[PDB]
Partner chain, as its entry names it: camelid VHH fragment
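Before any questions on binding or motion, here is one chain by itself as structure tokens, the form deposited without its partner chain.
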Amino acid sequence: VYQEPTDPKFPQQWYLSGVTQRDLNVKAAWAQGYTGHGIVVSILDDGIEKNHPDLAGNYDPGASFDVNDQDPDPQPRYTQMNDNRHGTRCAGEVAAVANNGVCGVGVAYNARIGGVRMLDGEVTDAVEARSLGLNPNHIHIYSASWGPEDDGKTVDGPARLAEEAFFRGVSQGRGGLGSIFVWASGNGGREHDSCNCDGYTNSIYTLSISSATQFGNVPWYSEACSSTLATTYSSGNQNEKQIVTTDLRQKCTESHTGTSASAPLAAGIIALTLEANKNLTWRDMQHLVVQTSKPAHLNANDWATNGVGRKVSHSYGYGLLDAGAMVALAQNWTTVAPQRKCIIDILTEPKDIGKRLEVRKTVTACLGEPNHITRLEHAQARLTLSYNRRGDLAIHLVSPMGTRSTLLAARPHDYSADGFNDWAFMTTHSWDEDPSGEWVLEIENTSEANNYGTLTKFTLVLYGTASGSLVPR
């Protein structure tokens, strides 16, 4: 009964559907009746060609703004180089019109789509805050494919206004259910970048996404880190297919690439899920992703089983998004209990790092208090330390259930002597575990150099609830 789209380039959208299983299971969500109707997504990028023949029918001025020129119209700036085309490509991934004889289709081909023109100029904290905080009671999902430089030597995150915009978004946005911020984990793979050094993807408020190639491999541009939640397909080598979407100047492209093309596909899957249950909160959406994502046939040398029986990787998080499973589980989902936060200051004195430092601490996770957590969501190790060559450090955190999260891998290009100033390294790998018991922090100098420094603060911050657990996998 469900008729698949007839768009000319739809058969080339290999990642949406097919008889092989190398796809995001989007046609199963469309067949259940979910195509994005009533959901509003906004792309935070270099602008959106609102008059594109495959975007105009779904374009929403209420989901759009131009923060670079301070006006409501996010039309890109046209140049000979076609420099401002990325937002239009991302918009088509989410919501390109279906059955109109043009290009392919979006994952949520009936959703409303807009864009914030924010990257075609100087990106300041105010520019970021005004983009993240745009029309929060109209826009449901924000998709951002970029962040601090992916040079493998930067440590940066949202400054005060942008962090306040995330707080306001998840707390009061979407009628109090919370704005959904979808983020790409980064394109710094060739520079050996480690994505927990990017405070936007490392945030608990962003649902972070990495990439897999068509043949199920970790692409050259992928960044590994413990803050990633899940994966979508994107580009790989020149024998693997790429993303097919709308392009600038009313064109179609078959060569959209990078993790920056994975985040919009996740935003479209999240739009289908929100149509299936409009009452899902920002945390319910992250729980659905953890429970339904699929590791099968994704190749990595770090797949590990966590404390509740789920496989998790630093390259893929919980695995590939599965749109059919997401929309099926959303329908009767019971809203998670309010978020609890348990703060544990670990050190009794500063500790010399040297070649290797291990800090062990047994915690009760706020036993006997309103913030008692027996079911973890995100965990952070907020560290303050000095070190002469930052990139030589590797940091791991082991949970009481034995789950080893790499908080920071060695970054050869990071020569900074600035250390970390209360940097909140985050892991999603212990989701649903009981955080009571022994936690172990390991900081090691991965080089033969006689490096030196001191760890002056280690705060373990646990987020979660004390109810609603599933029987382990």
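Numbering follows the first chain given and starts at 1.
Omitted here: the form solved in complex with its partner chain. The next part is about that form.
The single contact residue among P370, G309, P72, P350, judged by any heavy atom lying within 4.5 Å of its partner chain in the bound PDB entry, is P350.
Of the residues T335, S171, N388, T305, just one reaches its partner chain in the bound PDB entry with a heavy atom at 4.5 Å or closer; this is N388. None of the heavy atoms of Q21 is located within 4.5 Å of its partner chain in the bound PDB entry.
Though the partner is left out of this view, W439 does not reach within 4.5 Å of its partner chain in the bound PDB entry, counting heavy atoms only.
Although the partner is absent here, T384 lies within 4.5 Å of its partner chain in the bound PDB entry, judged by heavy atoms. Its partner chain is not drawn, but in the bound PDB entry it has a heavy atom within 4.5 Å of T456. Picking from 445-453, 6-14, 21-29, 458-466 the stretch near its partner chain in the bound PDB entry, with a 4.5 Å limit on heavy atoms, gives 445-453.
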